[PDB]
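>>> no sequence on hand, only this structure:
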C-alpha cells in the first residue's frame, strides 16, 4: 500500500513509520515544511504506526535524538517512538479490510489527518491545539501533551487490568479530538476501509 506522508507544518518534522519490531519502508525521514514522503507498506501489515517527531538532531550515521517521538535515537525508526506522539495507526488487508485510526493513547505532539487517497471510506483527523490546551500535569517540556498513562503509570490510566474507565485526562483528549482514541477502552474510532487502500498522512492539516 502507498502512504504519502505530508508535512504541512511550518516546522520541520521527522516522519517515522514502524510496525514495532521493524521499520516500514525507510522507517523515517526529515520532512521540511511542505515536503511529501511517499512510502510503500507491505500488504497484510498489522499494527503499523506513523508519527511525527519534533526537534530532532541526527549525525551522519542517522543517530541522534528528538524531543518527541524518539525511536531509540535513530533517524530510521525500527521501534515505536517515545511519547508524546500523535499516532496514525493501521492494519492492512485484515480479512479483506484495512483498519485505520488516530490515537492519542500515547499523547499528542503534532496535529494530524489520516485519510484514504482511494475510495471506500472516510479519513480521521485530530487537528485541535491539544498542546496549547494541554493540562499542566500532562505537559511535556520537550513539547507535546503526554497521555496520563505515560505520566502517572497507574492501572486506571494504563488500563492494565483490562478494566478502566474514562478519566479527566482522557476526556481532555476526547473533547478536543472526538475522532481519536483517548484511552485504551475508548469506544473504537477505527475506520474500516477497503483492503489495499492507499493513504495520506498529513501533519498540521489545517491553516
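Okay, I see it. Numbers count the residues shown, from 1 in each chain.
>>> quick one: residue 91 from residue 30, how far?
Residue 91 sits at a distance of 27 Å from residue 30 (criterion: CB to CB, to the nearest Å). Using the backbone N, CA and C atoms, a C-beta is placed for each residue, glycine as well.
>>> where along the protein do the helices fall?
Per DSSP state H, the chain has helices spanning 130-133, 148-152, 155-158, 168-176. These are given in chain order.
>>> save those helices as CSV, and put in mean neighbour count too.
Shown next, in CSV, are the helices of the chain (neighbours: other CB atoms under 10 Å):
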stretch, mean neighbour count
helix 130-133, 16
helix 148-152, 20
helix 155-158, 16
helix 168-176, 19
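>>> and residue 182, which of these is closest to it?
Minimum separation from residue 182 across the helices of the chain (CB to CB) falls at helix 168-176, 3.8 Å.
>>> for the closest one, packing partners?
helix 130-133 (3 or more CB pairs under 8 Å, 6 or more residues apart in numbering; DSSP states H and E).
>>> so what touches the helix it packs on?
For helix 130-133, the external contacting residues (CB atoms under 8 Å, 6 or more residues apart in numbering) are 104, 108-109, 111, 143-145, 172-173, 176-177.
>>> how far out from the middle of the chain is that helix?
16 Å (CA atoms, centre = their mean, to the nearest Å).
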